[PDB]
Structures are given as C-alpha cells and as structure tokens.
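**Student:** Quick one: the structure is below, and I'll ask about it shortly.
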Protein chains: 2
Amino acid sequence: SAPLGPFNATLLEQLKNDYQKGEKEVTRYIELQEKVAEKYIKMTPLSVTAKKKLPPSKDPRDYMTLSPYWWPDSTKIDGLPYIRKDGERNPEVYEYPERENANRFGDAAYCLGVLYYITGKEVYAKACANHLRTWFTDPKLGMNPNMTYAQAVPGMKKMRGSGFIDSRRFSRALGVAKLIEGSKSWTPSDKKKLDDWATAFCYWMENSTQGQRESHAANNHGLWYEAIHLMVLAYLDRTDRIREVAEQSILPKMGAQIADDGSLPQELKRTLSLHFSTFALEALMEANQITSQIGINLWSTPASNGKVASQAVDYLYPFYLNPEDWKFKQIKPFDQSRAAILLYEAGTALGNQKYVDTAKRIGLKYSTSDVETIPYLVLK
Amino acid sequence: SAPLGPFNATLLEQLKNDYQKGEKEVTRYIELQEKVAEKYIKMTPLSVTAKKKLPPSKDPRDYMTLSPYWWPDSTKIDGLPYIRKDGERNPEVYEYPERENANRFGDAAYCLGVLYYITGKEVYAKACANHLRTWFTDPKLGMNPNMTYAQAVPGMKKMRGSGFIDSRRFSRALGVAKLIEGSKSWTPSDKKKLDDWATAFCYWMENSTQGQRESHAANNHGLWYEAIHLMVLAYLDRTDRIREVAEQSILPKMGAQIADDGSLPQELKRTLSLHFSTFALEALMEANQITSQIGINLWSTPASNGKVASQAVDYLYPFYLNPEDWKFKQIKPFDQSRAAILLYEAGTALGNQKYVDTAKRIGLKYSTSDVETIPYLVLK
Ligand SMILES: O=C(O)[C@H]1O[C@@H](O[C@H]2[C@H](O)[C@H](O)[C@H](O[C@H]3[C@H](O)[C@H](O)[C@H](O[C@H]4[C@H](O)[C@H](O)[C@H](O)O[C@@H]4C(=O)O)O[C@@H]3C(=O)O)O[C@@H]2C(=O)O)[C@@H](O)[C@@H](O)[C@@H]1O
Ligand SMILES: O=C(O)[C@H]1O[C@@H](O[C@H]2[C@H](O)[C@H](O)[C@H](O[C@H]3[C@H](O)[C@H](O)[C@H](O[C@H]4[C@H](O)[C@H](O)[C@H](O)O[C@@H]4C(=O)O)O[C@@H]3C(=O)O)O[C@@H]2C(=O)O)[C@@H](O)[C@@H](O)[C@@H]1O
C-alpha cells in the first residue's frame, strides 16, 4: 500500500498493481509517461538562489515573489505604494524566478517520484533525488525553510501571511519524496536533511506571525494553508497531527466558509469568483487525498454545524456543466477541465455516480504532459 | 512649428509656447513631468543584446520575441508545435527581454525627447541621446534594422510578419529623435548613424518578404504596419512618401475594414473584440498624428469605397461610455481610459464636440507617469 502522501493513493496503487501485472492498457499509458519524463531526467535542477534582485534579508536562499494582483501606482513618482486590482496578474511577477521555477521543480520532482513508485526504475529516483537535494537541502543552493518574503508588495508597511499559498508548488514535491525512500539514490543522510528541513519549515508554518495569520484566514488561503500543512505533516509521518488538523482546523473552516445554500461567499466577492470557488474546493480535494489515507473523508464529514463540503460541490456542479451560466463576477474565462479531477475526486469519495460520469465526460487528454494528471488514466 | 514626428504637434507646440511664456499652469505641469523624467536620466540604457537564448541567426543584436497567444501543446512530447489560444498571453513572452525592454526604452526616449523640446534643457537631450545611441546605432549594443524574429513561434515552419507590430514600441522613439536635433549632445555623427539605421530599417520593412506580407494584412496589423511606416518616413523627412502611404495604403486599408454599421468585422471575430477594435483605431490615430501635420486628415477623409474612419468611432462610441454593453467576445476587462486620448484625437480632427467632452469626462490622471499622456494636459 502506498506511502502517505499528496496523491490519490488508490489510483496510484492500482496503476502500480496493473503495471506489475503487465496489463496492456496501463503498461502503454505508463510508457507514454516515461517518454514525458525524459525531459525531467535531462533538466538541470533549479534553485531558489538563481535570482539577481535579493530580498530585504540579502539572502538569495530566501524565497521571494510579488503578490500577483498588486501594481505600480502611476500617480506616484516612484509607483509606491502598489495598488490592488483583484484578478489582474501584474506581469512583474515573472521577474521573480522562484515563481515559475517552483512550478518547474515541483512538476519535475512529482512526475519522477510517481514514476519511481510505479515502475521501480532507479533512474527516476536518481533524477528525483537530484531535484530534491538542490531545491530543499543543499547548503548553498537550498531554499531557507520559511516564506517570509513570499508575495511581498513594494511599499507595504505591514507583513502578511498571504504569500504562504505559494508553498503548495514545492510542498507536493516534499511529499512525493516519501515515494523514493528505499531507493539506492536517496541515502539515509538525504532523508535526514529533508526531514530536518521539513521539521524547520513546519515550525515556521505554525509559529511565525505570518504562518499564524495565514492559519486563521477566512477564505481559500486558510484552506490552502491546511492542505500545505497536511503535506508537510504527512511527509513527517505525523498522522495524529493530521487528525487534529482536519478536526480542529479544516472542518471548522469548511463549516464557516460554506453558506447554507452551499456557496462560498468569501470567493463570491472576488473578480474571479468562479475560479476562486473552485480554488477553495481544490484545496479541500488535496487535503482529502491525505486525510482519506488515514480514514477521514473530508467531502462527507460534517463540521460542528452539520455543513459538509459536498454542499459546495452541489452548488458549483451546474456551472461546471455550463460555466457561461455563472452569475457572479468572473473577469476571465474559467477553465472547465479543472472540474474533471475535482468531480472525480469528490464523486468517488461520495458515491455520486453523476459527478464521476461528468468528470469522465469532461475528461483529460490521454497524451497530456500535465503532471498532476498522471494518476488519472481513469479520466483518459 | 514642431518638427515632424509621432505626437500631437498642436498640443506639443502649445505646451512649449506656454512653458516659455512662464504660464503658471503649464509650468507646474512640466515641473511634474521633469520629476517623473528623473528616473530616465539615471536609468541605464537598454540593449536588445541583453538576452541569453539567441535567435536562429545566433546574433544577439537581432530582436526576438514570442508571439503572445501561442502556447506549448501539452499533448505533444516536446510541446511542439505551439498552438494558438487567441487573447491569452503566454507568460513565456517575458522570457524574451526585448519585449518589455523595448517598452522601457520607448518610454525613456519619448519622455526625454519631448521634455527637451518643451524646455530646451540640455540634460534631457543628453540622456535621450544615450538611450537612442545604445538601442539603435551602437556597433555592439544596437539592434539590427530588421524584425525577422519578432513574434517567432516554436515549431512553426513558415516565416510570418505578424511580429512587425512590436516595432511601434521603439519606432516612436526613433521619431522623437528629430526633437533633439540641434542640441549639443546629438552630433552630426549621431544623426547620420541614426539616419542610416532608419534607412536600412525602412528598406527591410518594404522589401523583406515579412515586411511585404505585413503591409498586406487585412486587420489592425496592416494599419499598424502603416503607422510604423509613417514614423520611419517622417523621421527621414520623406513627406512625399507620407502622402503616398496615406492615400494609397492607409485609407484603402481603413475603408476595406469598416462595415456598413461602422463595426470592424476583422476585430469582432477576436476573443478581445473591443480591445482590438480600439487597437485598430489607435493605429489610425497615431498615423493621423503624422499625416495631419502635412494636411491629410485620416479621421474625415473617405476611402475609394465611401467608408470613412469617423464611422468606426461612431459605432464604438456608446461602448466607450458603457463597456459592459459590448455584445462581442471580450475575455478580459477593457481599459476605458484608452478612449480619452482616442476620442480627443478623433473629436478634434472631426470637429465633434461630444467626443471631446466625453474625452475630458473620462480624462487622464493629472499625476500619471504614463509617458504617452505627456502632451495631453488638456485631458488631465
Ligand atoms: O500566485 C498565483 O498566481 C496564484 O494566486 C492564487 O490567488 C491568490 C493570490 O495569489 C493572492 O495570494 C491573493 O491574495 C489576496 C487575498 O486572497 C485577499 O483577497 C486579500 O484581500 C484584501 C486586500 O489585501 C486589501 O486589503 C483589500 O482592501 O481588502 C481585501 C479583503 O478585505 O479581502 O487580498 C490579497 C491580495 O490580493 O493581496 O489571493 C488569491 C487567493 O484568494 O488565493 C490563484 O489565483 C492561483 O490560481 C494563482 O496561481
Ligand atoms: O502582446 C503584445 O505584444 C501585443 O499584441 C497585440 O496583439 C497582436 C499580437 O501581438 C499578435 O501578433 C496577434 O497575431 C494574430 C493575428 O492578428 C491574426 O489574428 C492571426 O489569426 C490567424 C491565425 O494565426 C491562424 O492562422 C488562423 O487559421 O487564421 C487566423 C486569421 O486569419 O485571423 O493570428 C495571429 C496570432 O495570434 O499569432 O494579433 C494581435 C493583433 O491583432 O494586433 C495587442 O494585443 C497589444 O495590445 C499587445 O501589447
């Protein structure tokens, strides 16, 4: 049975099972995945330190991005302080290399780690370990275990926890490292450094002012904080903390953030309201992949006021069928294919055959190289 | 009388005239524009050679950018060939430093050239010259006079001219160079080198296969091609060619693009139809700023087919009051402020007081640093 981590363990166990049986269809699917994964074996490992403009700590190992919806104010001689245009990404975000590099690393590590679990081939673990060492634990290239300067905003006087949501890009890679333990390439010394990094990152998460603030957020930030938290705790094998987090934080947050009619009012007020309602559900989906590995179903387990996350799925389902019917401010097109993994996950967790049907009818492209769709041959 | 170039000469002469007579309102406004200008004096001049990944010619002096709506195909093992998602900018465009650096050069050179025209202070001519010399004529840092690899698309086998439209960012700076002739900093040797560059660039525009194809386009590319053409012709003082282009290319192109209702069907079929309808007129507006300096009004001169550009402004005018009423696909919000300079230019050219009154009611911010608004004190 799969090690505890940020994936649909049932679908991974089934793919590894079929690949080992020599089942034709899965075998061909995995051979395609191996072809996609060759670029990650050849890819040079990325580091948070590959930036010219340093953060106020003057430390190139400190992760730093720009908060995406903040823009220079043209009415100020220096553009300072920035102003907020909700839903409009300031392309200045791409001058911070971490932003896209954390996606490239996360994609590389996740794909290689999953392919190692499924095939057993050492070449995937060796490449995966190379990316992990460099991003996380290397004494010069490794990222400091904090998110102090994530989504900083030029001109802002107070510190914010909002940047912590960036962590989900590399925290999935943190969790997949559990899959390459036991390989020849991931030594006991490697595992200890990663362990120690995750322990220091978990501390910063729970005890820094920014972490505490992010833990109490009223919208999808607070849900994403707990999903990221679960990935860190699951890597650290702290399964009783996962139970406490789900019952003392995730379920209360779900209970407050879902209205009686199943809508998410904190997301309804955004300019990307259909996208942020989905982003909230995406946070629960990824949390649930971990909690359900220790018997906690977050789609059907009620909060203390009896609300269940499936109520939020129900409210959105008609608009996953027709995003044009969405009646709230959505200033950019909504990507309907996001409903596939979402409805499949919610649908199986709930025994809702309509959701699963709709997920397969929406579907994923068989030959897509989007790494988060690797477990989902069932949608292809 | 102002030198021939890419700006509202009436407003520019007005500003210089009031500035020299010590008029208080204009002096306070030019004093703000000099505060804004201070960053361009200190700013290090940009070069097209400041890039790591080189074009197929392996020449860093060749301008190269990515066509913004072309994305890697995830269903292909290498992502090749890219596919088009009209109206969705691919953040990969920012990995080509020329794309934003030509904007930064253009603003610096335009702002400093105009301020030197208005104030006569040699410090603006000297800084403006530094930027122009580096971007255009420097034997190591200057861009080659061609747009061969503008808006290239990975995996596409045929060459296209679509990328020429990028030239507007630096072709206005080329035009403003005329304004610093006579200064101490812009020597006869500088002017000759820039004249030879402009001559070579004009030859490339008119004779390269990509130039020819782009001069033939049936949508706003064709209009922007000609508006760029006029800037180069005006910098070279070829006023006979300016008339020929106006009468034999812009006006027939303009008339071929206007429907009976005044709409622009080539732009209505885009996913950003109100943006691109306004982008078409913006090209015509910038062409007109030059043609009218020799007595050709593109807003009111009809074409061979009877269509006149005033008809397309009439069609768009209601939706500049209320962009929400726009009935055609527009998958991002539309910046209503663009109608200020557009309606003032068209309003003044047509003697339409309603357009001019709406222009000022929409207005521009008095304190803004957007350098294209420098001449428009009347709108602030
Ligand atoms: O990095 C990305 O592109 C991903 O971003 C994901 O959306 C995130 C953003 O990245 C930001 O973190 C954004 O921060 C928001 C908060 O969610 C919140 O709305 C906050 O609201 C305040 C505001 O600061 C201000 O004071 C105003 O006057 O009041 C507001 C209020 O009362 O709520 O503003 C923050 C901000 O914009 O700085 O939040 C979103 C999010 O909700 O997750 C997502 O788009 C993802 O797909 C991207 O990849
Ligand atoms: O981001 C920027 O740099 C600025 O872009 C400005 O918009 C430009 C773009 O830069 C592109 O050049 C874009 O090219 C379009 C063509 O205009 C055209 O629609 C063409 O459509 C073809 C298509 O390629 C295909 O072959 C199909 O079968 O037929 C179509 C057809 O006949 O129309 O596709 C090109 C493409 O996308 O590559 O066009 C716009 C433009 O119209 O000017 C602008 O948005 C500006 O504000 C930005 O700063």
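Note on naming: chains are A, B, ... as they come in the structure tokens, residues start from 1 per chain, ligands start from 1 in the order shown.
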Quick one: residues within 9 Å of residue B:297, only C-alpha atoms, excluding same-chain residues fewer than 4 positions away - as a ChimeraX atom specification?

**Tutor:** /B:288-289,291-293,301,349-350

**Student:** Please find the residues of chain B near chain A - the criterion being any atom within 9 Å, counting only C-alpha atoms - and write them as a PyMOL selection string.

**Tutor:** chain B and resi 32+35-36+39+73-79+91+94-95+330-333+365-370

**Student:** Since we have the selection now, will you write its residues out, keeping N, CA, C and O atoms, as a compact mmCIF listing (two decimals), in the first residue's frame?

**Tutor:**
```
# COMPACT_ATOMS: atom_id res chain seq x y z
N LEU B 32 6.21 68.79 -12.86
CA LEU B 32 5.91 67.40 -12.51
C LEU B 32 6.53 66.43 -13.52
O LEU B 32 7.18 65.45 -13.13
N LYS B 35 10.03 65.74 -12.78
CA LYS B 35 10.23 64.84 -11.65
C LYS B 35 10.08 63.39 -12.10
O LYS B 35 10.96 62.56 -11.85
N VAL B 36 8.99 63.08 -12.80
CA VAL B 36 8.82 61.78 -13.45
C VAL B 36 10.03 61.45 -14.32
O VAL B 36 10.56 60.33 -14.27
N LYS B 39 13.94 59.45 -13.35
CA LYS B 39 14.35 58.05 -13.41
C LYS B 39 14.93 57.68 -14.77
O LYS B 39 15.80 56.81 -14.85
N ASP B 73 1.89 22.81 -26.74
CA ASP B 73 0.82 21.83 -26.80
C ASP B 73 1.13 20.70 -25.80
O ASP B 73 2.11 19.97 -25.99
N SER B 74 0.31 20.56 -24.75
CA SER B 74 0.67 19.58 -23.71
C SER B 74 0.55 18.14 -24.21
O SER B 74 1.25 17.27 -23.69
N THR B 75 -0.28 17.89 -25.23
CA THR B 75 -0.44 16.57 -25.84
C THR B 75 0.72 16.17 -26.75
O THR B 75 0.65 15.12 -27.38
N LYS B 76 1.78 16.96 -26.84
CA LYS B 76 2.93 16.61 -27.65
C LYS B 76 4.13 16.48 -26.73
O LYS B 76 4.27 17.25 -25.77
N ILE B 77 4.99 15.49 -26.99
CA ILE B 77 6.04 15.14 -26.04
C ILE B 77 7.01 16.30 -25.84
O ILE B 77 7.56 16.49 -24.75
N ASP B 78 7.21 17.11 -26.87
CA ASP B 78 8.09 18.27 -26.77
C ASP B 78 7.31 19.58 -26.68
O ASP B 78 7.93 20.65 -26.63
N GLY B 79 5.97 19.52 -26.63
CA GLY B 79 5.14 20.70 -26.68
C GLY B 79 5.04 21.39 -28.03
O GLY B 79 4.34 22.40 -28.15
N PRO B 91 2.74 33.63 -20.58
CA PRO B 91 3.77 34.25 -19.74
C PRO B 91 5.19 33.99 -20.20
O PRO B 91 6.12 34.69 -19.78
N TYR B 94 7.63 36.90 -21.45
CA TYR B 94 8.56 37.66 -20.62
C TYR B 94 9.96 37.05 -20.57
O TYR B 94 10.88 37.72 -20.09
N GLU B 95 10.14 35.83 -21.08
CA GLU B 95 11.49 35.28 -21.15
C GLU B 95 12.29 35.87 -22.31
O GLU B 95 13.43 35.46 -22.53
N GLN B 330 -15.06 39.24 -25.25
CA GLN B 330 -14.02 40.07 -24.65
C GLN B 330 -13.66 39.40 -23.32
O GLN B 330 -14.31 39.62 -22.29
N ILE B 331 -12.62 38.56 -23.36
CA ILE B 331 -12.33 37.60 -22.30
C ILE B 331 -11.39 38.18 -21.24
O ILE B 331 -10.83 37.45 -20.41
N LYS B 332 -11.20 39.50 -21.28
CA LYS B 332 -10.52 40.28 -20.26
C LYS B 332 -11.25 41.61 -20.17
O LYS B 332 -11.92 42.01 -21.12
N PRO B 333 -11.14 42.31 -19.04
CA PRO B 333 -11.77 43.63 -18.97
C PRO B 333 -11.07 44.63 -19.89
O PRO B 333 -9.88 44.50 -20.19
N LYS B 365 -5.39 60.83 -15.41
CA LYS B 365 -4.98 61.33 -14.11
C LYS B 365 -3.91 62.42 -14.27
O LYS B 365 -2.95 62.25 -15.03
N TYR B 366 -4.09 63.54 -13.56
CA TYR B 366 -3.14 64.64 -13.67
C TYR B 366 -1.71 64.20 -13.33
O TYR B 366 -0.74 64.64 -13.97
N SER B 367 -1.56 63.33 -12.33
CA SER B 367 -0.23 62.99 -11.84
C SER B 367 0.37 61.74 -12.49
O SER B 367 1.45 61.31 -12.07
N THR B 368 -0.28 61.16 -13.50
CA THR B 368 0.20 59.88 -14.04
C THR B 368 1.57 60.03 -14.69
O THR B 368 1.95 61.10 -15.18
N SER B 369 2.31 58.92 -14.70
CA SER B 369 3.61 58.87 -15.35
C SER B 369 3.59 58.14 -16.68
O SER B 369 4.64 57.99 -17.30
N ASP B 370 2.43 57.67 -17.15
CA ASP B 370 2.33 57.08 -18.48
C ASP B 370 2.76 58.08 -19.56
O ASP B 370 2.08 59.09 -19.78
```

**Student:** Find, counting only C-alpha atoms and all ligand atoms, the residue in B:269, B:354, B:216, B:243 that gets nearest to ligand 2.

**Tutor:** B:269

**Student:** Pick out the residues sitting within 7 Å of stretch 248-260 of chain B, and hand them over as a JSON list (two decimals) with C-alpha atoms, in the first residue's frame; count only C-alpha atoms, and ignore anything fewer than 3 positions along from it in its own chain.

**Tutor:**
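In the end it all went to around.json:
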```
[["chain", "number", "residue", "atom", "x", "y", "z"],
["B", 219, "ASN", "CA", -6.84, 43.72, -39.94],
["B", 223, "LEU", "CA", -2.88, 49.63, -40.05],
["B", 226, "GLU", "CA", 1.49, 51.74, -41.99],
["B", 244, "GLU", "CA", 1.53, 58.27, -50.87],
["B", 245, "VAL", "CA", 1.17, 55.86, -47.95],
["B", 263, "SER", "CA", -18.07, 47.94, -36.94],
["B", 264, "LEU", "CA", -14.72, 46.31, -37.71],
["B", 265, "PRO", "CA", -15.56, 42.67, -38.55],
["B", 266, "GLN", "CA", -11.93, 41.60, -38.57],
["B", 303, "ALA", "CA", -11.79, 56.00, -48.98],
["B", 304, "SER", "CA", -12.47, 54.79, -52.53],
["B", 305, "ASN", "CA", -15.37, 52.75, -51.13],
["B", 307, "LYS", "CA", -16.07, 54.26, -45.85],
["B", 308, "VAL", "CA", -14.64, 56.91, -43.52],
["B", 309, "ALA", "CA", -12.88, 56.29, -40.20],
["B", 312, "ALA", "CA", -15.97, 53.28, -36.82]]
```

**Student:** Neighbouring residues of ligand 2 are defined here as those with any atom at most 7 Å from a ligand atom, counting only C-alpha atoms and all ligand atoms; list them as a list in words.

**Tutor:**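 I would give the residues around ligand 2 as residues 67, 68, 69, 70, 84, 86, 89, 151, 162, 163, 165, 166, 219, 220, 221, 276 and 279 of chain B.
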
**Student:** How far is it from atom CA of residue A:53 to atom CA of residue A:153, in Å with one decimal?

**Tutor:** 14.3 Å

**Student:** Can you pull out every residue from stretch 112-212 of chain B that DSSP, working from the backbone, puts in helix (DSSP H, G or I), and format the result as an NGL selection string?

**Tutor:** :B and (112-119 or 122-137 or 162-180 or 188-207 or 209-212)

**Student:** What residues in stretch 94-287 of chain B get the DSSP label strand (DSSP E or B)? Please answer as a list in words.

**Tutor:**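 Here are the strand (DSSP E or B) residues of stretch 94-287 of chain B: residues 149, 150, 151, 152 and 272 of chain B.
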
**Student:** Taking into account only C-alpha atoms, which residue in the set A:118, A:214, A:72, A:49 is nearest to residue A:138?

**Tutor:**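 Residue with the minimum atom-to-atom distance to residue A:138: A:49.
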
**Student:** Identify, on the basis of only C-alpha atoms, every residue whose closest approach to residue A:314 does not exceed 10 Å; exclude the query and any residue fewer than 6 positions from it along the same chain; express the result as number ranges by chain.

**Tutor:** A: 261-263, 355

**Student:** May I have the residues from that selection written out with N, CA and C atoms, as a PDB file, in the first residue's frame?

**Tutor:**
```pdb
ATOM      1  N   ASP A 261     -26.671  27.671   1.515  1.00  0.00           N
ATOM      2  CA  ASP A 261     -27.015  27.203   0.172  1.00  0.00           C
ATOM      3  C   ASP A 261     -25.850  26.536  -0.557  1.00  0.00           C
ATOM      4  N   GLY A 262     -24.702  26.360   0.100  1.00  0.00           N
ATOM      5  CA  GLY A 262     -23.576  25.671  -0.499  1.00  0.00           C
ATOM      6  C   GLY A 262     -22.570  26.569  -1.187  1.00  0.00           C
ATOM      7  N   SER A 263     -22.868  27.858  -1.331  1.00  0.00           N
ATOM      8  CA  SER A 263     -21.934  28.786  -1.950  1.00  0.00           C
ATOM      9  C   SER A 263     -20.819  29.170  -0.972  1.00  0.00           C
ATOM     10  N   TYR A 355     -21.425  12.760 -10.575  1.00  0.00           N
ATOM     11  CA  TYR A 355     -20.175  13.516 -10.592  1.00  0.00           C
ATOM     12  C   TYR A 355     -19.085  12.776 -11.361  1.00  0.00           C
TER      13      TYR A 355
END
```

**Student:** Grab the atom CA of residue B:298 to atom CA of residue B:336 distance for me, in Å with one decimal place.

**Tutor:** 23.0 Å

**Student:** Need to verify the contact set: residue B:103, 12 Å, only C-alpha atoms, exclusion of same-chain residues closer than 5 positions in sequence. Can you return it as an mmCIF file with N, CA, C and O atoms, in the first residue's frame?

**Tutor:**
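Result file part.cif:
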```cif
data_model
loop_
_atom_site.group_PDB
_atom_site.id
_atom_site.type_symbol
_atom_site.label_atom_id
_atom_site.label_comp_id
_atom_site.auth_asym_id
_atom_site.auth_seq_id
_atom_site.Cartn_x
_atom_site.Cartn_y
_atom_site.Cartn_z
ATOM 1 N N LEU B 46 19.099 50.528 -22.263
ATOM 2 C CA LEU B 46 18.803 49.137 -22.532
ATOM 3 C C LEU B 46 19.335 48.737 -23.896
ATOM 4 O O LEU B 46 19.508 49.567 -24.792
ATOM 5 N N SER B 47 19.607 47.446 -24.041
ATOM 6 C CA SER B 47 20.048 46.917 -25.319
ATOM 7 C C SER B 47 19.308 45.626 -25.629
ATOM 8 O O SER B 47 18.956 44.848 -24.735
ATOM 9 N N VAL B 48 19.062 45.428 -26.922
ATOM 10 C CA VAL B 48 18.464 44.198 -27.423
ATOM 11 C C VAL B 48 19.396 42.995 -27.201
ATOM 12 O O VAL B 48 18.937 41.853 -27.109
ATOM 13 N N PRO B 97 13.722 39.275 -23.247
ATOM 14 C CA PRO B 97 13.857 40.570 -22.568
ATOM 15 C C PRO B 97 13.518 41.756 -23.452
ATOM 16 O O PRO B 97 13.077 42.782 -22.924
ATOM 17 N N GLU B 98 13.673 41.642 -24.778
ATOM 18 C CA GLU B 98 13.331 42.756 -25.668
ATOM 19 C C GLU B 98 11.893 43.187 -25.527
ATOM 20 O O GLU B 98 11.587 44.350 -25.788
ATOM 21 N N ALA B 108 11.409 55.910 -22.068
ATOM 22 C CA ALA B 108 12.511 56.780 -21.663
ATOM 23 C C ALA B 108 12.854 57.776 -22.763
ATOM 24 O O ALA B 108 12.994 58.976 -22.512
ATOM 25 N N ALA B 109 12.997 57.291 -23.994
ATOM 26 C CA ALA B 109 13.444 58.144 -25.086
ATOM 27 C C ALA B 109 12.373 59.157 -25.485
ATOM 28 O O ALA B 109 12.689 60.324 -25.753
ATOM 29 N N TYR B 110 11.107 58.721 -25.530
ATOM 30 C CA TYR B 110 9.990 59.609 -25.844
ATOM 31 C C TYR B 110 9.852 60.705 -24.791
ATOM 32 O O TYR B 110 9.825 61.897 -25.122
ATOM 33 N N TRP B 135 20.291 51.783 -28.128
ATOM 34 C CA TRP B 135 19.281 50.875 -28.675
ATOM 35 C C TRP B 135 19.453 50.690 -30.180
ATOM 36 O O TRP B 135 19.326 49.566 -30.683
ATOM 37 N N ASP B 166 5.413 44.786 -33.149
ATOM 38 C CA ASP B 166 6.245 45.134 -31.991
ATOM 39 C C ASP B 166 7.015 46.436 -32.213
ATOM 40 O O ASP B 166 7.403 47.108 -31.248
ATOM 41 N N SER B 167 7.264 46.793 -33.474
ATOM 42 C CA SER B 167 8.118 47.930 -33.793
ATOM 43 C C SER B 167 7.575 49.254 -33.274
ATOM 44 O O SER B 167 8.356 50.191 -33.078
ATOM 45 N N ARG B 168 6.270 49.348 -33.034
ATOM 46 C CA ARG B 168 5.707 50.596 -32.547
ATOM 47 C C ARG B 168 6.345 51.024 -31.231
ATOM 48 O O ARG B 168 6.443 52.225 -30.956
ATOM 49 N N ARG B 169 6.808 50.067 -30.422
ATOM 50 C CA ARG B 169 7.402 50.416 -29.136
ATOM 51 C C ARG B 169 8.663 51.268 -29.308
ATOM 52 O O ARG B 169 8.847 52.265 -28.599
ATOM 53 N N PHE B 170 9.528 50.929 -30.260
ATOM 54 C CA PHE B 170 10.710 51.755 -30.460
ATOM 55 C C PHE B 170 10.623 52.698 -31.658
ATOM 56 O O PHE B 170 11.498 53.561 -31.801
ATOM 57 N N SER B 171 9.623 52.553 -32.537
ATOM 58 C CA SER B 171 9.563 53.444 -33.691
ATOM 59 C C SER B 171 9.101 54.839 -33.304
ATOM 60 O O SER B 171 9.419 55.785 -34.020
ATOM 61 N N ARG B 172 8.359 54.985 -32.197
ATOM 62 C CA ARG B 172 8.060 56.316 -31.679
ATOM 63 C C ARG B 172 9.318 56.979 -31.140
ATOM 64 O O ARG B 172 9.511 58.188 -31.310
ATOM 65 N N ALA B 173 10.192 56.205 -30.495
ATOM 66 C CA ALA B 173 11.449 56.768 -30.016
ATOM 67 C C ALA B 173 12.302 57.241 -31.182
ATOM 68 O O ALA B 173 12.901 58.318 -31.127
ATOM 69 N N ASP B 370 2.430 57.675 -17.147
ATOM 70 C CA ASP B 370 2.329 57.082 -18.482
ATOM 71 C C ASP B 370 2.757 58.079 -19.565
ATOM 72 O O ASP B 370 2.081 59.091 -19.783
ATOM 73 N N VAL B 371 3.878 57.813 -20.246
ATOM 74 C CA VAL B 371 4.547 58.873 -20.996
ATOM 75 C C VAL B 371 3.784 59.253 -22.262
ATOM 76 O O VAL B 371 3.969 60.361 -22.779
ATOM 77 N N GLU B 372 2.916 58.373 -22.769
ATOM 78 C CA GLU B 372 2.093 58.709 -23.924
ATOM 79 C C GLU B 372 1.072 59.802 -23.614
ATOM 80 O O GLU B 372 0.499 60.368 -24.555
#
```

**Student:** Which polymer residues have any atom within 10 Å of an atom of residue B:233, counting only C-alpha atoms, with same-chain residues fewer than 3 positions away left out, as JSON, numbers by chain?

**Tutor:** {"B": [4, 5, 175, 198, 199, 202, 227, 228, 229, 230, 236, 237, 238, 239, 240, 241, 242, 245, 290]}

**Student:** Counting only C-alpha atoms, what is within 10 Å of residue B:41, bar same-chain residues fewer than 3 positions away, as a list in words?

**Tutor:**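 Once the nearby chain positions are removed, what remains is residues 34, 36, 37, 38, 44, 45, 108, 109, 112, 123, 124, 125, 126, 127, 128, 130 and 131 of chain B.
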
**Student:** Out of A:136, A:40, A:224, A:105, which residue has the shortest atom-to-atom distance to ligand 1 when counting only C-alpha atoms and all ligand atoms?

**Tutor:**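 Among the listed residues, A:224 lies closest to ligand 1.
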
**Student:** Counting only C-alpha atoms and all ligand atoms, figure out which residue out of A:30, A:218, A:50, A:141 gets nearest to ligand 1.

**Tutor:**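 Between A:30, A:218, A:50, A:141, the residue approaching ligand 1 most closely is A:218.
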
**Student:** Please, what distance in Å, to one decimal, runs between atom CA of residue B:375 and atom CA of residue B:13?

**Tutor:**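 If I compute the distance from atom CA of residue B:375 to atom CA of residue B:13, I get 9.3 Å.
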